[PDB]
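Per-entry structural report
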Amino acid sequence: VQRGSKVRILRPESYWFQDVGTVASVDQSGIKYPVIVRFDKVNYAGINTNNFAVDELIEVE
Amino acid sequence: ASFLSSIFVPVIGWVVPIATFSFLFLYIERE
Amino acid sequence: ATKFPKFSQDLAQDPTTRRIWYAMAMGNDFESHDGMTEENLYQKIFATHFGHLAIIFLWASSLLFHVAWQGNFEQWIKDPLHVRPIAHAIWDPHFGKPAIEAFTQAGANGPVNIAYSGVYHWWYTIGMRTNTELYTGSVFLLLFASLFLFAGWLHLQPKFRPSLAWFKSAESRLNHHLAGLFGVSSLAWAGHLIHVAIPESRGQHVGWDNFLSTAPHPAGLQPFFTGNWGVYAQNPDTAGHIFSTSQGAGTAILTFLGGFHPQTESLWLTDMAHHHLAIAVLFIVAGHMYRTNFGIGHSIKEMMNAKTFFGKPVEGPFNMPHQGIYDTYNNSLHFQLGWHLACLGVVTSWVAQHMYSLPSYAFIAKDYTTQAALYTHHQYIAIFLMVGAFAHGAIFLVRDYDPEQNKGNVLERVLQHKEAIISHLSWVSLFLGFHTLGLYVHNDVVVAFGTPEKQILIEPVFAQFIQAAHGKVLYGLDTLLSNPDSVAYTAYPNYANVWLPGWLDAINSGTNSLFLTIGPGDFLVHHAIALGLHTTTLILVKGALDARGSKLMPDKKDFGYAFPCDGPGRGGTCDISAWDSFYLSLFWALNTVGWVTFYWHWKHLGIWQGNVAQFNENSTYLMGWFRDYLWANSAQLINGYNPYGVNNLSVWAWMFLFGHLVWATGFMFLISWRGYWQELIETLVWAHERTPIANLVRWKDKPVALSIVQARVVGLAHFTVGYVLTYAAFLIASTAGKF
Amino acid sequence: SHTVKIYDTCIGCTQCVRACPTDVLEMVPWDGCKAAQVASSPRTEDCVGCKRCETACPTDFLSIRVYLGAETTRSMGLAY
Amino acid sequence: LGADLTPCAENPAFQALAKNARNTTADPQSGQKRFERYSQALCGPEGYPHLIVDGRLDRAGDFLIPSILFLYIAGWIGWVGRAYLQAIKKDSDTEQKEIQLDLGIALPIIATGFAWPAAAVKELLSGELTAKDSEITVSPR
Amino acid sequence: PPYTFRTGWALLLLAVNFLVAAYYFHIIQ
Amino acid sequence: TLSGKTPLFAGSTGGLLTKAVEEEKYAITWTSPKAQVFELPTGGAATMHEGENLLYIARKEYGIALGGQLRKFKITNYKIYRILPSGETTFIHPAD
Amino acid sequence: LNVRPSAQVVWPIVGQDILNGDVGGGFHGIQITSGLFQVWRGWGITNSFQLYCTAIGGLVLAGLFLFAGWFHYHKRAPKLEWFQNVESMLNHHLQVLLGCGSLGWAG
Amino acid sequence: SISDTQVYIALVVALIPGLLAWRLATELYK
Ligand code: CLA
Ligand code: CLA
Ligand code: CLA
Ligand code: CLA
Ligand code: CLA
Ligand SMILES: CC1=C(/C=C/C(C)=C/C=C/C(C)=C/C=C/C=C(C)/C=C/C=C(C)/C=C/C2=C(C)CCCC2(C)C)C(C)(C)CCC1
Ligand SMILES: CC1=C(C/C=C(\C)CCC[C@H](C)CCC[C@H](C)CCCC(C)C)C(=O)c2ccccc2C1=O
Ligand code: SF4
Ligand code: SF4
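Residues numbered from 1 in each chain as written, not as in the entry; some residues may be left out. Chains lettered and ligands numbered in written order. Part of a larger assembly, values for the part shown. Heavy atoms only, no water.

The deposited coordinates, according to the entry record, derive from cryo-EM at 3.3 Å resolution.

Take the coordination of the magnesium atom of ligand 2 next. Here the protein supplies the magnesium atom of ligand 2 with just one donor, C:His177 (NE2), and that contact is 2.0 Å long. Secondary-structure assignment places C:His177 in helix α9 (residues 170-200). (Donors = N, O, S within 2.8 Å, 3.2 Å for Na, K, Ca; no water. Helix = DSSP H or I, 4+ residues; strand = E, 2+ residues; numbered from the N terminus.)

Attention now moves to the packing of helix α3 (residues 64-87) of chain E against helix α5 (residues 103-112) of chain E. The packing of two helices is summarised by the inter-axis angle and the distance between the axes. Residue and element names in this part refer to chain E. For the pair α3 and α5, the least separation of the axes is 9 Å and the interaxial angle reads 140 degrees. Considering only the axes of α3 and α5, their crossing is right-handed. Residues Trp76, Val80, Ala83, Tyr84 and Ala87 of α3 lie in contact with α5, whose contacting residues are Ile105, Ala106, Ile109 and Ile110. Of the residues contributing to the contact of α3 with α5, the split by class is nine nonpolar, no polar and no charged. (Axes fitted to C-alpha atoms, helices over the stretch in contact; angles between N-to-C directions. Left-handed = near helix turned anticlockwise from the far one by under 90°. Contact = heavy atoms within 4.5 Å. Nonpolar A, V, L, I, M, F, W, Y, C, P; charged D, E, K, R; others polar.)

Turning our eyes to something else, we now look at the interface of chain E and chain C. Contact residues are listed per partner, giving 23 residues for chain E and 30 residues for chain C. Where chain E abuts chain C, roughly 2300 Å² becomes buried across the two surfaces, and 58% of that area is made up of carbon and sulfur atoms. Put simply, chain E and chain C have one salt bridge between them. Notably, a salt bridge pairs E:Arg34 with C:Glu453, separated by 2.6 Å at the nearest N-O pair. Connecting chain E to chain C are seven residue pairs in polar contact. Counting only elements with at least two residues in the side of chain E that touches chain C, the list comes to α2 (30-37) and β3 (49-51) of chain E. Looking at the side of chain E that touches chain C, its residues break down into twelve nonpolar, five polar and six charged. With two bridges connecting them, strand β3 (residues 457-458) of chain C and β3(E) associate as parallel partners. Looking across to β3(E), one finds that C:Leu457 is bridged to E:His50. (Buried area = accessible area lost by both parts, 1.4 Å probe. Salt bridge = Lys/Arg side-chain N within 4 Å of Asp/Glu carboxyl O. Polar contact = N/O pair within 3.5 Å; in protein donor to acceptor, adjacent residues only side chain to side chain. Pairing = 2+ DSSP bridges.)

Right, let's talk about a nonpolar patch on the surface for a bit. Where nonpolar side chains cluster on the molecular surface, the patch consists of B:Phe3, B:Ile7, B:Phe8, B:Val11, B:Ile12, B:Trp14, B:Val15, B:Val16, B:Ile18, I:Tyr8 and I:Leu11 and spans about 1100 Å² of accessible area. Of all elements in the fold, only α1 (5-28) of chain B together with α1 (4-13) of chain I reach the threshold of two or more residues within the nonpolar patch. As for its placement among the helices and strands, B:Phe3 is situated in the segment before α1. Among the residues examined, B:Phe3 registers a relative accessible area of 52% and is labelled exposed. (Patch = residues over 30% accessible without salt bridge, like charges linked within 9 Å, V, L, I, M, F, W, Y side chains within 5 Å. Areas by Shrake-Rupley, 256 points an atom, 1.4 Å probe, with all protein chains shown as cover. Buried < 20%, exposed > 50% of the residue type's maximum accessible area, 1.4 Å probe, protein only.)

Residues and elements named next belong to chain E. Counted under the stated rule, the structure contains one disulfide over all chains. For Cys8, the disulfide goes to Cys43, at an S-S distance of 2.0 Å. What sets the handedness of the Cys8 and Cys43 disulfide is the S-S torsion sign, and at about 90 degrees it is right-handed. Pair noted here: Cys8 is in the loop between β1 (6-7) and α1 (12-18) and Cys43 is in strand β2 (residues 42-43), with a separation of 35 residues, a long-range link. Classification of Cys43 as buried rests on a relative accessible area of 0%. (Disulfide = S-S within 2.5 Å.)

Moving on: the interface of chain C and chain G. Put simply, an interface is often sized by how much accessible area is lost when its parts join up. Chain C puts four residues into the contact, and the matching count from chain G is five residues. The largest per-residue losses of area from chain C upon contact with chain G belong to C:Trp686, C:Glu689 and C:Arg698, which jointly make up 79% of the total buried on that side. For the interface between chain C and chain G, the tally reads three residue pairs in polar contact. Residues that form the side of chain C that touches chain G fall into these classes: one nonpolar, no polar and three charged.

Turning to the UniProt feature "binding site: [4Fe-4S] cluster 2" in chain D, a few remarks are in order. Residue and element names in this part refer to chain D. Mapped onto this numbering, the UniProt entry gives "binding site: [4Fe-4S] cluster 2" at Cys20, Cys47, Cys50 and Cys53. A maximum C-alpha distance of 10.4 Å is found for the annotated residues, which run over 34 residues; spatially they form one tight group. Position of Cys20 relative to the elements: it lies in the loop between β1 (3-6) and β2 (26-29). Judged by its relative accessible area of 5%, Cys20 is buried. Mapped onto the secondary structure, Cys53 falls in helix α1 (residues 52-55). When its relative accessible area of 1% is taken as the criterion, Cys53 is described as buried. Setting aside chain neighbours within four positions, we find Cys53 in contact with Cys16, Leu25, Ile64 and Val66. (UniProt positions renumbered as here; feature names shortened; annotations may be inferred.)

The next subject is the coordination of the magnesium atom of ligand 1. For the magnesium atom of ligand 1, the sole protein-derived donor is C:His66 (NE2), lying 2.1 Å away. As for its placement among the helices and strands, C:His66 is situated in helix α3 (residues 38-70).

Residue and element names in this part refer to chain D. Those places that UniProt annotates as "binding site: [4Fe-4S] cluster 1" correspond, in this numbering, to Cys10, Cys13, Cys16 and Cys57. The named residues occupy 48 residues along the chain; their greatest pairwise C-alpha distance, 10.3 Å, places them in one compact cluster. In this structure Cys16 comes out as buried when scored by relative accessible area, which is 5%. Beyond its immediate chain neighbours, meaning those up to four positions away, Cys16 contacts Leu25, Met27, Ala39, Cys53 and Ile64. Tracing the backbone through its elements, the reader meets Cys57 in the loop between α1 and β4 (64-67). Residue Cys57 is classed as buried on the basis of its relative accessible area, which comes to 8%. In this view, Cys57 contacts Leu62, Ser63 and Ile64; residues no more than four positions away in its chain are not counted.

Let us now look at the site of ligand 2. Residue and element names in this part refer to chain C. Neighbouring ligand 2 are 14 residues; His49, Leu53, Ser169, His176 and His177 lie closest to it. Within the side chain of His49, one N or O atom sits 3.1 Å away from an oxygen atom of ligand 2. Interatomic distance of 2.6 Å between a side-chain N/O atom of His177 and a nitrogen atom of ligand 2. Mapped onto the shell around ligand 2, the elements with two or more residues apiece are α3 and α9. Of the residues forming the shell around ligand 2, the biggest block, seven residues, is contributed by α9. In terms of residue class, the shell around ligand 2 is made up of seven nonpolar, six polar and one charged. (Near = heavy atom within 4 Å.)

Okay, structure coming up:
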C-alpha cells in the first residue's frame, strides 16, 4: 500500500495471523511477496518483519 | 501326573528361547 | 541391505540397530506397511481379529485346566468362607526348603499360589460343582479356540476372502451384532441360568445328561405361551435359603425381589435371570432398526444428511450439522478405534463401580482380597482404554482426517473454537488444584499445630442427598424413597414397586458396600479425582486438537504422529508432537487411578476391620494418608522375608522391591536423553576394535543409542510396569495378610 | 536420507547455506526475490538432519524445511 | 441434620476437646474463646466442625459470607490489573512499564476500581469487555 | 440475534437443576 | 592424486577407523601461508606445514567444521575429496 | 548432659508456639543441631556479654568488608598485574592468613 | 483332582489349535 499503512494478515501459517501490522516498504517487480510489514510484536524467532503478497493484506486505514 | 512340570517348564525356560532366539538372530541377519 | 523387516524397505536398508527396534513397534501397524492397499488392509485386520480372539479362549481354558488339575475347587465347595483358593502350583528349582514349607498351603501337597482373581466364586455361582466340569469346559475351549484359528485362515483364501464393500456395510453389522451378539447371547445366558445355574443353586443337579428330561419349572412352559407369566414369579427362594441346598428353596425362575441373598450377600439368581431375559428383548428389538437388503428400516446416512424437521428447514439433527459424519466414522479405522475404546473405557470402569457395591457372586463379599483385586484390575484397564481413545482419536486427525469432506459439520466446529476448549479446561484444572491442595495443606498445618478443630471440613451435602434420595435413613433427609409418603416411593398410579422392599433392606444395612456412608474425608478426594480427570483430559484433548498444527509449528500433519521435535530453533520444540501428548497423559492417568484406588482401598480397610473412625478422622489431612495407610499397612508386607525366616508373603515382598526398581529404572530414559549416550557408545566402539583378542568378532549392526521417541516408549514402559507391580504387591499382601 | 524442501518465500539471505555443516545447500540464481537468488539443496544424501538450516532462516514461516526420513550411515553421523 | 451433624454444643466429644484447649496466640484464654464460637457449628461424631456450603441462611457464615467477601477482592485484583494494561498499551515504551511500574499511572488505577461491579457491567453491556474473534490470532486448524 | 434455540434448551436444563433442588430444599415433596 | 603434507601431532585415538577401510574416507587439502598451531576435529592440537597440507578425516562433517576453523587463519582454499576403498577419489567441495 | 542446645524462640501467633518445646532449663525453643554451644565453650565464652561484644564486633567487621568492596572498585581499583602476582599472593596467604592465623589462635 | 489319563487328552487336543495357530500366523505373512 504505502509506507505507514496498518494492514492485517490472512496467511494461516504465519505467526501474526489476524494481527495488525505496518507496511515499511513495497517493492515493484519481484518477489511475488513484495510487501515488507514491520510488525510490533515478535514471533518465536525474535524477528518482527516479514514479506507478504499484495492480495494477502487487509488495509484498515 | 505332576511330573509333566519337570519336562514342560525347563523346555519353556531353556529350549523355547534358545530355539526362538537362534531362529530370529539368523533371520534378522539374512541378506 | 537385509530383507528384514519385510514390511518396509526404508527400515531394511538401515545399517544400525535402529533396524531391529523399529521393526517391533511398526509390525502390527498395518497401515504403514509397504504397498498396503485399502481392501488388503481390512482383510488382514479381520483375520488378525480371529488371532486375538483365539488367544482369549486359550487364556480362559488355562484358568479352567490349572484349577481342575492343581487347585482345590471340590474342597472349596464345602466351605467357601474359610477354605483359601488355589490358582496353580509352583515348580521352582531355585527354592530352598523353608520356601517350600512356606508355600505348601491351603491343604495341598506342594507349593501352590493362592488365587486372588475370584474365579472360584464365578464358577460356583453359575453351577459348576466338581473338577470334571472344569476339565470339560477346558477341553471345549481348546476346540472352540481352534474353531477361530481355522476361521482366520479360511477367510484369507482368495475366493473366501471378503470384498471391500462387505466391511463398509455398517447398517448390517448393527443389526446382526445388536440382535445376535448382544441379544441372543443375553438370551442364551438367561437360558443357562434358568435351566442349569438356578437349579444347581437349590441342591438339584442338572447336567448335560438330564437337562432334556428335567424342566426348570413344574409348570413347564405352559404359562409362557398362554400369557400367565406370573406363574414364573411364584414362591421364591426364602430368607433361610442355604445356598446349593434344598433348605428354603423355591420353584420360581424369574423373580424381582431386588437386593441381596441373605447368606451369600450376592444378587439373587432369579433376579439375574429376569435381567438378562429383559436385556435380550430390548436388544433383539433394537437390532431390527437399521436398513439392510430387505428394504425396511432406518438409514444412518440419511439420518445424518437430513435437513428438514417436519417441513421446518434445519441444519441437521438437533439443528446441528451432522452431515459427512457417516463418511467419517465408516471410512476411517482410527476414528472407529478411537471411538470404541472410549465406549469400552467407560463401561470398564462402570463394571468396577458396580461390582463392589452390588456383588453378584456367591460368597465374594466375604473373601476380601479377591474383591480388592477385581476393583483395582478393571480400573487400570479402564485407564488405558481411555488414554488410547484419545490417542487413536488423534491419529485420526493427523492421518485420516479430511477437512473438505468434513466441512461445516459439528466436527469442523470443534476445531474452530479449540482455543476456548483448552482455556476452560486449563481453568478447571487450576481452579481445583489451587483449592484442593490448599485445603489439604491447611488441614496438615492445623493438625500439626495441635489445634485440629481449625480444619476446613465440608460435608458432601450434594451426595448426601442422592444416597437419601435412594433410600438411606441414616442421614435423615427424608426424600424420594426414604420419604414413605413420596410419589416416587409409592409409584402412585400403579403401586408396582416390587423391587423396593428388597432394595431398602440392602441399602439400610451397615454390612455391605452398597452406598457407603460418606463424610468430609470423602469430599476432598472426589474433588481430587475431578482434578485428575479434567487434567488428563486437558493433555489428551489439546494433543488431539493441536495435532494438525499451531503457531509454534504449523503443518505437523506432514511429519506424522510420532516425531521427536523440530530442532532447537524457535526456542526449541522438545515434546511437540501429538504422540508426545499421549505420552505426558499416562503419567496423570496412572496418577489419578492411584488416587481412586488408594481411596477405595483405605475406606474398605476400615469397613473390613470394623474401624470406620480411623478413615473419617485421618483422611482429611495428608499425613493420615501417609501414616495410617502407606506406613502402617506395609508392615506385614516388608516382613515377608527377614533374617529370622520367610512366610507365604515373600513373593509379594520381593515383587514390591522389584516394582520400586523397574519404576526407578525408567527415570534414566527420561531425565537423561540421547546425545549423552551416543557419545558414550562411540568410546565402546573404539575400545572393541583395539582389544586384541576380542576383535576377532564384530557386529553386523552398528551400535547406536536409542532414538528420541524410542526411549520415551522404553522410559514409559519401565515406569508403568513398575507402577503396576508395586501397588499390586501392596494391595494383595496388605489385605491377604490381615483378612 | 532426509528431505530438504525449499519454498519460494526466501529472500536469498545466504544464512542457511552458511550454516549447514555438511554443505548440502547452495545458491542458484533466480529472478524472483530482491537478492535474485534462491537456496537449493542438490546434495541431500549428505544431510544429517541437523536443522541448523531451519534455525538460521529469517522468513516467517520457514522457507526451508527438513523432513526426517530413512537414516543411512551418512545421516546417522557415524565415524564407524 | 445436615447430615450426621449434631450441634457442637451438644456433643460430649466436642466438650472433651474443650477441656484440653491449646492456645493459638499468646492470649491465655485464646484456647477457650475459640470453642465458644465453635459451639454454634455442626460437629459430627469426632468433635470437629463440619461446614455447610449449601446456601442455607442459618449456615451462611460457612461459605455464603466468605464467598461474597472473596469475590469482591479477587475480581478487584484482576480488574485493576486489566485497567492498567489498557493504559500502558497506548504509550511509547509499553514494555518498560510492565517490569518497571509507571507508578503515576498505576496508583490512579488502584484507588479507582473498588466500584468494579458498577464498572464491569458497563463494559459488558457496551461490548467493550471482549474482543472480536476476527482480531485475535488463532492456530491453523 | 436473540439465540432462541440455544437459550431454549439451556433454560430447560436449568429448570431441571432447580427442580431437583426443590426436593433438596423440601419445597416439593 | 592428492600429494599433501601431514600436520605435526603425536597421533590420536580419534583418527581413522574401520570405515576408512570398508565404506569410505574423506581428505581435506589446504595450502597454508606458514606453520602454526591449529586444532584437529579428531581431538587435540596440531601444527600445519607451509604450503600444501593434507588431513585424512573420517566424515565430511569434520572437514567443513575444520574449514570454518581455518577461515580465521585466512585460509579459504580447503578442498575435501571422497576417497572410496576402490581407489575412487571424488572431488566434492566445492561444487565447481 | 541434660540441657538441650536451643535457640530460635518462635513467635506465638498461629499456634506455632508449640514449636517452642521444653528443651530444659526453664526455656522453650527449637533444639538446635548446628553445635554452636560446643564452639563457644571451645572458645571459652562464659557469660552473655562476651557473646554480645563478639556479635557487635562482627557487625563492625561486616561493615569493613562492605566498605572495602565499594572502595576497591568504585574508588581505588587495582590494575591487572596486581592480580597475577601469584607468587606474592601465596606468600601472604599461607603465612599471614593460615600461619599467623593459627599462631594467634594458638595463643 | 482330575485323573492322570485326562491330562494327556488335554495335551493332544491342544495340538489342534497349536497346528492351526501355526497356519494362521504364517498365512499372515513373514
Ligand atoms: C496361555 C495360557 C496358559 C498359561 C499362561 C499357562 C501357565 C502355566 N502352565 Mg499351563 N496349560 C494351558 C494354558 C496355560 N498355562 C493349557 C490350555 C493347558 C492344556 C494343554 C496347559 C497345561 C499345562 C501343563 C500340563 C503344565 C502347565 C504348566 C504351566 C506353568 C508353567 C509354564 C509352562 O510350562 O507351560 C506349559 C505349557 C504347555 C503345557 C502348553 C501351553 C498350552 C497353551 C495353550 C499355549 C499358549 C501359548 C500362547 C497363547 C502363545 C502366546 C505367547 C504370548 C507371549 C504372545 C504356568 C503356571 C506346568 C505347571 O503347572 O508347572 C507347575 C505343567 O506341568 N500347563
Ligand atoms: C448374528 C451374527 C453375528 C455374530 C454373532 C457376530 C459376532 C462377532 N463379530 Mg460379526 N458380523 C456380522 C454378524 C455377526 N457377528 C455381520 C453380518 C457382519 C457383516 C456386516 C459382521 C462383521 C464383522 C466384522 C468386520 C468383525 C466382526 C467381529 C465380530 C466378533 C466381535 C468381537 C467379539 O467376540 O466380541 C464379543 C462381544 C460380546 C460377546 C458382547 C460383549 C458385550 C460387552 C462388551 C460386555 C458385556 C459382558 C457382560 C458385562 C458380562 C461379562 C462377564 C463375563 C465375561 C464374566 C464377534 C464374534 C469382529 C471380530 O473380532 O472378528 C472375528 C470384526 O472385526 N463382525
Ligand atoms: C484394542 C485396542 C487397540 C488396538 C487395535 C490398537 C492398535 C494400534 N495402535 Mg494403539 N493403543 C491402545 C489400544 C489399541 N491399539 C491403547 C489402549 C493405547 C493406550 C496405552 C494405545 C496407544 C497407542 C499409541 C500411542 C500408538 C498406538 C499405535 C497403534 C497401531 C500400531 C501398534 C503397534 O505398533 O504395536 C507395537 C507394539 C508395541 C511397541 C508393544 C510394546 C508395549 C508392550 C505392551 C510393553 C509390555 C511390557 C512388558 C511385556 C511387561 C513385562 C512384565 C515383567 C517385567 C514382569 C495399531 C493400529 C501406534 C501408531 O502409530 O498408530 C498407527 C501409536 O503411535 N496406539
Ligand atoms: C481464603 C483463601 C483463598 C485463597 C488463598 C484462594 C486463592 C486463589 N483462588 Mg480462590 N476462592 C476462595 C478462597 C481462596 N482462594 C473461596 C472461598 C472461593 C469461593 C468464592 C474462591 C473462588 C475462586 C474462583 C472462582 C477462582 C479462584 C482463583 C484463585 C487463584 C487466583 C485468585 C486471584 O485473585 O487471582 C487474581 C485474579 C485474576 C487473575 C482475575 C480475576 C479472577 C477471579 C478470581 C474471578 C472473578 C471473576 C468473576 C467475578 C467470577 C467468575 C465466575 C465464577 C463464579 C465461576 C488463587 C490461587 C481463580 C483460579 O483458580 O484461577 C485459576 C478463580 O477463577 N478462587
Ligand atoms: C492482570 C492480571 C490478570 C488478569 C485479569 C487475568 C485474567 C484471566 N486469566 Mg490470567 N494470568 C495472569 C494475570 C491475569 N490474568 C498472570 C500474571 C499469569 C501468570 C501466572 C496468568 C496465568 C493464567 C493461566 C495459566 C490461566 C489464566 C486464566 C485467566 C482467565 C480466568 C481467570 C483465572 O483463571 O485467573 C487465573 C489466575 C492465575 C493463574 C494467577 C493470577 C496471577 C496473579 C496472582 C494476578 C496478577 C495481578 C497483577 C500482577 C497485578 C498488576 C497490577 C498492576 C497495576 C501493576 C482470565 C482471562 C485461565 C484461563 O484461560 O481461563 C479461561 C488460565 O488457564 N491466566
Ligand atoms: C572470634 C571473632 C572475632 C574476634 C577475633 C579476634 C579477637 C581476633 C584477634 C586476633 C589476634 C589477637 C591475633 C593475634 C595474632 C598474633 C600473631 C600473628 C603474632 C605473631 C608474632 C610473631 C610473628 C612473632 C615472632 C617473632 C619472635 C618470636 C621473635 C623474633 C622476632 C619475631 C617478631 C619474628 C571477630 C571480632 C572477628 C568477629 C568474628 C568472630
Ligand atoms: C540407557 C539409554 C541408552 C543406551 C541403551 C541402549 C543402547 C540399550 C541398552 C539395553 C541393551 C541393548 C540390552 C537390552 C536388554 C533389555 C533389558 C531387554 C531386551 C529384550 C527386549 C528387547 C525384548 C540410549 O541410547 C538412550 C537414548 C535416548 C534416551 C535415553 C537413553 C537411555 O536411557
Ligand atoms: S531458505 Fe532461508 S536461508 Fe535460504 S534463501 Fe530462503 S530465507 Fe535465506
Ligand atoms: S539437514 Fe539441515 S542442518 Fe543439516 S546440512 Fe541439511 S539443511 Fe543444514
